[PDB]
């Protein structure tokens, strides 16, 4: 356990919250600073495969998250032009047996609140409206600066300040890499969505230069919808690219079931999709980058928040194992071993995820090939998914 340990976490998204929870459950003294004046997340869906669900269960929060989640029976891929089913991933008891938990979907806001509440309950000291302005390592401590003029001492600090991380600048000068794709979301009362057939699955329509995803939330009462498309504005240097004037033309070539979806999306806000090139080293002295600060992906594998959750589990587990015997002096080795375990995993998600989205967005003969590949696969095989959903950091 981590009783005598002190950890400061810079950032209170899903990542920082999950780390606060995992560390406080080991008995660590955890202080978390969040920039925003309240804890919160977007009131729309995310997907959490068994690689995240098993970890939530270990922390004792999965039952509760599920009480407010939805349990899809399958992930279903459809052609966005014809609406034809291409393939399904069965998320039933064999899936759950194999991977040690369910594949679920829920509101980001609910998952985030659940984590924050559990971290507090476990002893974490969370602070809102506080920005971490610097982290340095001096001797055997991290020294953390905040925007109220204070400095704080801890054993280690976690840089969990997201895609636009400034703490990352201590290690890398890279900038976010634009995908040229933009994401829109919507949640609609389920019954207000014009549906030809009801939805109890995660449905992904994949088409030339676009996709469209639907899934139920909150026990089937709401439908989450997500539209991702290639922005022509981006290729022309528009700074504020991907705006809603692009949506109608971006989908004009798709099936009516996809085109009807667009009307339900929120149009006041969107998410231009960026990632970063993979980096191996996430550690600067007694600071480690985790979550999107270390490994921000494009969302094709629906695993960014899951990776941040995995990060928490690995950090807490490896530290509790080694700090007990080696104390504070052991922290740099612990960070190194966490980085060595996590980088190959997460960097494969970044890179493979780019290829996976490309595979979705093919046109022409390439689309013909992709459709037939999906149709004819051995659905009993897990070779395309075991690397993702079957990973564990357990040593």
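Residue numbers count along the first chain shown, from 1.
Checklist entry - Looking at the deposited entry, does 215 to 223 or 193 to 201 carry the larger mean Cα B-factor? => result Per the PDB record, 193 to 201.
Next on the checklist: Per the record, averaged over C-alpha atoms, which has the higher B-factor: 304 to 312 or 265 to 273?
Outcome noted: The deposited B-factors put 265 to 273 ahead on the C-alpha mean.
Checklist entry - In the PDB entry, which of 29, 351, 365, 339 has its C-alpha at the highest B-factor? => result Comparing C-alpha B-factors across 29, 351, 365, 339, the maximum falls on 29.
Item to check | Candidate residues 286, 255, 168, 209, the one whose C-alpha B factor the record puts highest | outcome: By C-alpha B-factor in the record, 255 ranks first.
Checklist entry - What third of its chain, lowest, middle or highest, does the C-alpha temperature factor of residue 179 fall into? => result Within its chain, residue 179 is a lowest-third residue by C-alpha B-factor, going by the deposited values.
Item to check | Relative C-alpha B-factor of residue 2, binned into the chain's lowest, middle or highest third | outcome: Its C-alpha B-factor belongs to the highest third of this chain's values.
Checklist entry - Once the chain's modelled residues are ordered by C-alpha B factor and cut into thirds, is residue 358 in the lowest, middle or highest one? => result Residue 358: CA B-factor falls in the lowest third of its chain.
Checklist entry - In terms of the chain's CA B-factor thirds, is residue 53 lowest, middle or highest? => result Middle third, going by the recorded CA B-factors of the chain.
Next on the checklist: What third of the chain does residue 295 rank in for C-alpha temperature factor, lowest, middle or highest?
Outcome noted: Lowest third of the chain for residue 295's C-alpha B-factor.
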